[PDB]
Every structure is written in C-alpha cells, then in structure tokens.
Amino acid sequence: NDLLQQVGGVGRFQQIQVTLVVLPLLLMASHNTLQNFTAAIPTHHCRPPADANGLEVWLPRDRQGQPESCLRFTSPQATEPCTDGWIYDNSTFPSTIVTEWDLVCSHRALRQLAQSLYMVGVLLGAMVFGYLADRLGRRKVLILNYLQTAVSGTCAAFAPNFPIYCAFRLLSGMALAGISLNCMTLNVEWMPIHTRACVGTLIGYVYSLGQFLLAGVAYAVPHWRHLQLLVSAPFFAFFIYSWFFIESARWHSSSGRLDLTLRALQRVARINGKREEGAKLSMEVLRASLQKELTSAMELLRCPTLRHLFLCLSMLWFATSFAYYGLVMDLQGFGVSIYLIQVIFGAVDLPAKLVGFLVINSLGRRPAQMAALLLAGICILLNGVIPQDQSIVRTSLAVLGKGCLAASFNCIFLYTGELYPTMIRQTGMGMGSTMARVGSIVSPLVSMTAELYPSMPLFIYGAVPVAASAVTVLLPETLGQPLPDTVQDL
C-alpha cells in the first residue's frame, strides 16, 4: 500500500479510471428493475370475435364494473377462453413484453419468470466472473462483461419470442453481476487503504442515482424495445473505453507476475506526474515491499463458531434482498404514476443511507439491522392489510419500508465484515452477497402467489424481515469493538 503512495496516492489515475469504472453502475439499477417498465401490465381485457357485427355484449364485468381480463362471452348477451387474444390499452404503455407475446391471465406468471431468470444469471455471474477475474484479471473480465451486456441486452431488445428474451436476460444479468463485482475490486485495489470505504459508498449512491435515470429514460421511451436497447447500448461505449484501463498491480503480485506490478505502478506514476518516485522504484523494491503479502467456504460449515455467524447472517442478507425486490418489482397498484414512485423510491434511499449511518454509530450496529428490518417487515405487512382505495397510505408505508431495506443493505455490508474474522471475512461476505441474490431469484417466484391470494406475496415479504429481525439478536454487538483476526476472538 505504501508503494501506491509512492507512485502517488489517490492520483489522477485514481480520479480518471475510478469515474469510468463506476459509470456503468448507473445502468445496473435500470437493468435489474427494468421490467417494471419493459414488462409493465397495461389494462387488458379480451378481444371479441370479428364475426360480431362494442364490448358491452361480449365481455363479462367484475365487481368494479370493468371488462374482465380472462374471459369473454360465448354468445351475444356462458363465458369462454379468449381465442383471438386481448385488447390492451395504448395509453401509458404502447408496447411491453406482456402486450408483445401475451403474458396475461394463464400466462400471468411468465412475466415474473423472466425476472427470476435474469436473477439466476446474476447469481451465476458472481461465481463465474469471480473465478475468471482471479485467473485472467479484473480488467480483462470487465472488458468481456461490457461487451456481453451490450450484445445480449441488444439481442433481448430484438428477441423474436419470449424464450430467446429470457436467455438473453440471463446472459445480461450474468455480465452485470461480473460488473458489480469487479468494479469495486478494480476500484479498491488501486486506491489507498483509508479511502476504501469511500469507494464502496460512492458505488452504493451511484446505484441509487440510477433509479432517477431509469424513470426519465422509460418516460422518454416507453416502448419496451427502444427502452431495453437504450439501457444496453451505452455498454458498447464502456467496452471501448475499458481497453485503456490499467490492470490491478495487486493481482499481478499475487498471481505472480511481479514484473507487471512494476509497469502497472510506473504508468500510474506517469499519469499522477510523480514519475521520479516510480523511477526510483525497481524490482528490488517490490521483492521486499510485498514480500509478506505475496508470501474456504467449507470452513464456515465446519466450524460451529463460524456456522453460527453464517446461518444467522445468511438470513439477514436473504430477507433484506427478498423483501426489497418484493416491494420494488410492483410499482403498479400504488395508485399513482409508475414513474413518479421510481423517483420517490430512489429519493428515499438517500436520506435512508444517512439516518441508517446515524443509528449505526449512535445506537450501534446490531440495533440497526433489527430496527431497519422490523420496520421494513411491519410496513410491508400493512400494505397487504390496508385497502387499495387508500393509495397515499400504501405509497407512504411502501416508501418507508423500501428506505428501511436500503438502510438494511448498508448495515449488513458493514456488520457482516465486523462479525467474521480476517481469515474468512472476504469469503463469508461473498457468501452473504450470494444469499442476497438467492433472495432476488425467490422474490418473483413469491409474486406468482398473487394468483392464489392477491395479498399473499405482501404477507410473505412482510413476515420474512420480521423473522430476520429476531435473528440479529442471536449475533453479538460490534460497536466500538476491534476487528477479529481468529475464530477464538470474541
């Protein structure tokens, strides 16, 4: 690390490359929560038979007096399945994947399946591009992922049928999971030790700012294709600017090529302008500097002490992500504009990050998790209880509960590293991030329980954070306590 200071700490290279590597995370939110728009559900009712010489004589009504989304009259007034398809409202959404290939009534769930698959890609991409980034390096893999996100995200916009769309969303989410992974690593291994913490919050705030981008881009371009394309097309640019990057000098050392560690540090010293210092640098200096440094997930499940942490922490991450996507993947039904709420959610995350930070230091870490979760679960239970007519009340509670889940994410990311000792911290935090994604796969699969009982997803998304708030009690406090190095510690 001292060397980094020798070649110029937080130098221009640390301004230029760090801006360019964080700029793609402005579209991560867009991609993850895109279907709220590209897969929005316009008011749909069945199409009559052309044989008929309006809708009054051929569509049954429900208790609201609106023409039914699943049936149509067999004779001009028995009801039948709608063989000629459906008529969708060309108002808010001119075309969506729900309108394009009919993901409605019987295929009501196929739209959630896509999100599940996208998120199956996001689970796989943390594993695949984690291993490939240790072998090929951070920069390469990032080059290949900016290419893959752009190609598969453009081929999703030009997919002729839903199965091919689901395959290209899985490839897009896999590349984006390797981007969200290796953007931090490449931005942490090039900046000094006391500024590492500032890189991880910058990344968290730039994701929150990407919601505002999604709301404005989807309002300007509602059609799903011109929307899926416009969110994916900047990744071609990303790709062409990622060549110019410099590969991690830490990766070089560990992997072995200490001799690249020399060039890497010397170029960065030429960009920072302190070339003389790097000039002083040599291989002889590198042998002694990283001498010490240069010189498994089954442990968690072998050590009873470390299991305790693991099984407790695994729920927290799971429950935080599961109820987050359970309350964010349904903009509709809040009684208000689906774009406006996307702006309000992004804007509640912001003070949430602070007020979360204040309670994290003043009352302690452990209290936070339970507080954030418990209130998140209570807010989401109240959404399933309170009637649809109270639009402003369910909007206010959902926005509070979503901000409490953003406050939980920050809290668990800090708290989990303080709970694990140095020998299993990075491994156990990577396994914690693996449980959140599992939570993102299972969340759309619980949205399909709306067909059983309309409020049953909101009851499961509200019960799981309340159950997880009691699991924070089973973990110790870590406010003002020093970072453990061994399993004996604590």
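What we label the rigid core is the largest C-alpha set whose atoms superpose within 1.5 Å from one form to the other. Residues carry their position along the shown sequence, with the first being 1.
Novice: Stretch 284-292 versus stretch 247-255: after rigid core alignment, which one is farther off in C-alpha RMS in 8 other deposited structures of this protein?
Specialist: The answer is 284-292, which departs more from the shown form in 8 other deposited structures of this protein.
Novice: Comparing against the shown form in 8 other deposited structures of this protein, which stretch has the larger RMS C-alpha deviation after a rigid core superposition, 262-270 or 400-408?
Specialist: After superposing on the rigid core, the more displaced stretch in 8 other deposited structures of this protein is 262-270.
Novice: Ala175: absent from a third or more of the other PDB entries compared?
Specialist: No.
Novice: What about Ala52, left without coordinates in a third or more of the other entries of this protein that model its neighbours?
Specialist: Yes: coordinates for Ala52 absent from at least a third of the compared entries.
Novice: Do any residues of the deposited sequence lie unmodelled between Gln77 and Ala78, and which range holds their number: none, 1 to 3, 4 to 9, or 10 or more?
Specialist: Unmodelled stretch: 10 or more residues.
Novice: Unmodelled stretch from the deposited sequence between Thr295 and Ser296, which bin: none, 1 to 3, 4 to 9, 10 or more?
Specialist: According to the record, 4 to 9 deposited residues lack coordinates from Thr295 to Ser296.
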